[PDB]
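Data block below; observations after.
Bear in mind these aren't lab numbers, they're just calculated from the coordinates by the rules spelled out. Cβ atoms come from the backbone with ideal geometry, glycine included; neighbour counts cover every protein chain shown.
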Amino acid sequence: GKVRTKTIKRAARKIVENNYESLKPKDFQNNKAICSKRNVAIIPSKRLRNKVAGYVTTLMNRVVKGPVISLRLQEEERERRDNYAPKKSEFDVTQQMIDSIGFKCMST
Amino acid sequence: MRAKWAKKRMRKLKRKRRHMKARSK
RNA sequence: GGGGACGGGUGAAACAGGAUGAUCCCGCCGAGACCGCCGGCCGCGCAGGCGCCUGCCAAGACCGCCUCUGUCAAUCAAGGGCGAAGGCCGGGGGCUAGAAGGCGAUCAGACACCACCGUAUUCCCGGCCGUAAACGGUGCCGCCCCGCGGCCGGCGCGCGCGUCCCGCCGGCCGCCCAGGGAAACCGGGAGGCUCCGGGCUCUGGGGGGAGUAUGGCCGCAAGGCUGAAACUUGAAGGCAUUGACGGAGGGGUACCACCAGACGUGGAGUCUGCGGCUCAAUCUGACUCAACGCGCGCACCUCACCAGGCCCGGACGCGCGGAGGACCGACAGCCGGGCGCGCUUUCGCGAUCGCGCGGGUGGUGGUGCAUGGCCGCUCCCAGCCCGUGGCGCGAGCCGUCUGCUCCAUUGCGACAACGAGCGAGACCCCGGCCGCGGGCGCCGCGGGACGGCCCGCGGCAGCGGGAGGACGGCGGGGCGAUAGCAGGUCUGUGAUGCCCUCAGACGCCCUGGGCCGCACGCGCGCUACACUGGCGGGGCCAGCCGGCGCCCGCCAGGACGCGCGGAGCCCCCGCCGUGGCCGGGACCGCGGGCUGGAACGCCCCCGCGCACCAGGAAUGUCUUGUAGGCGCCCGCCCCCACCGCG
């Protein structure tokens, strides 16, 4: 019955997206200091902070294991694929359909 | 089937009514 | 023929069948039905309907066609034929099933459902009947009609070629764009229709009365077909929406639910509340959950009730009266718990007023069905809604999920919705561990615990273990959505509508009794029913949070003084020895005391020694420091608790 609620989940997800670098995968205690940081978020009350940091530990372990909150640190690789043009184009290089139009490719 | 049972009661009364008519014919 | 005790039946049963050998097995015969699995978005037929084999006999649609004819057509009163089943009337036949009929269980009844037996019937042949939710609830002929699929038949085109591909025609169907409709839905029409006209027949005109009466016809009948009125009534109906509900299904879920247990009540005395009743008065309110030790302890008071009494606490304003007096008490004697209450009586007062009125003022009087406020309850519920957009003529839907996880609309990955909220969380008090600060009293602020970690299984959400760690996944509580309820309180309230009462008051006092009276039925508790126990000593352990010394007395209590203090259970030794006993303590007979103006309250001692020897049918509460056992505190409190808060 310890199901992290959306309030805990929404805050935790934003914190990993904002500072993936600050967090660490197996350390709730480091995450608690990052989460408690006055600049990172203003969490009223100890329980919400403790839980949000616990959710970041699981989320951080997940977002390090795989791209499971977008990762700009991973977006560059996606952008590189977006600009990627194969040097040798596989497709630049039924039979009588062209003969039918009038211009015959593979004539004969 | 109340409609069916109602027409059976009407048919019974109509049999008795015709028979009584015959006695006084 | 075999082999040996049951068999049938059912939801369980029971009846009928079994040593005259059943059931069961195997062969054999007879009798009559009936066409299994293939068997269908298959087909044929005018519908009703239609399925064994081999024939036999006439058909029928469809297709194909440079075949013939030349409007021969359509729809149809009357008229003719056909028509499931059940029924009928003559003949058969007779297995099965089976209205009636009989039985056997059930139930208050059951005569109904379920079982068992069983006649008409079912089957055939010749007649009759003429009806079905005879439905596709949609007449028939004609045209246009948007795509997409299946299936049946006939034919055609094309090719590798196969029961292929693509058509066409006639059917049988599904899905739908338009359109239509009040919608459900039709869409091969229920479209092309308020922009209404292809043709032709049938029927309808609010609901009953009533398909009845009567008349006709038809039938062997049963009945069919036709078919009213008088009169009654403000609705009947259709299709959808939302709730409430189901002995409907699918998820869940909770000791206010059950498992597995516990500890019980109900049974006995008692104690408190309620009903009934008795009464001068027994003030009442409340009646499943959600009335009933409840509305925080009834000598008086309270206090609303009675049996008697007292007086204004009728203000402030207009007219009128009034200083020798407006107002306003009093000795003695009387009468009367008592009151200059009244009286006989003679003595004052001192403008603080009388008198009517305009109007107050109070009233625990009523009505919580006129109400505020609070509070119970639905609900220990997870639901509740919004902005814009989508959908419908609208009521209303969508977001708000028929997928998964939670303790939870708790999340996640979705989705004509997309964003917001509110509730749950969060929060806050009180713990249990660790710092520091503080100490007239162990009291002031911080940490720690997060499903973080491990091993799994997991889009996920998580979950299932393993831990480490005072502490584990919801320690315990406070707050507790929305929409409501004719829930309860006018007897908490310078809360309050409105009526009643208002000077002999429903104002207010004073007295004594009432609420506690008991033929009764019941709810909450307490103490019992003993040896796991009493009883006599000896130790002695608490929290909420709180003081005592000295002497007198059997205690009870009191006097005196002053600064402070503390349980049971349990443990150790004795006695009883299964006896209503040394279980148990109920009334009553005294006695001694307290609080008290006052017992009608309480206390203690000496008698007494009530039922109950473990509570019927029924039901209640309850999961770790938990139930229960065991005491203490505090509330209302003059005194008092078996009660409640703890």
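Brief remarks on what is shown
- Size-normalised alpha-carbon gyration radius of chain A, reference 2.2 N^0.38 Å: 1.95
- Estimated vicinal HN-Hα couplings, Hz - segment A:78-90 in sequence order (Karplus 6.51, -1.76, 1.60; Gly, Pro = x): 5, 5, 4, 5, 4, 8, 5, 10, x, 4, 9, 7, 5
- For the protein assembly as shown, the 222 nm mean residue ellipticity estimated from helices alone, with every DSSP H stretch of n ≥ 4 adding -39500 (n - 2.57) and the total spread over all residues, rounds to -19500 deg cm²/dmol.
- Placed amide H near A:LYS24: partners under 5 Å, 5+ positions off or other chain: A:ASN31
- Protection proxy ranking of A:49-59, A:81-91, B:11-21 - average other beta-carbon atoms within 10 Å, highest first: A:49-59, B:11-21, A:81-91
- Charged side chains reduced to their Cβ positions (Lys and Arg at +1, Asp and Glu at -1) give segment A:1-70 a dipole of some 360 debye around its Cα centre.
- For the protein assembly as shown, with +1 on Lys and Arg beta carbons and -1 on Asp and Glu, the positive-most of A:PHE103, A:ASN39, A:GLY1 along the dipole: A:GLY1
- ³J(HN,Hα), Karplus 6.51/-1.76/1.60, whole Hz, each residue of segment A:36-42, x for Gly, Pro: 6, 4, 4, 5, 5, 6, 9
- In range of the label at A:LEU71: residues from segment A:1-37 whose backbone nitrogen is under 12 Å from the point 7 Å along Cα→Cβ: A:17, A:20-21, A:25
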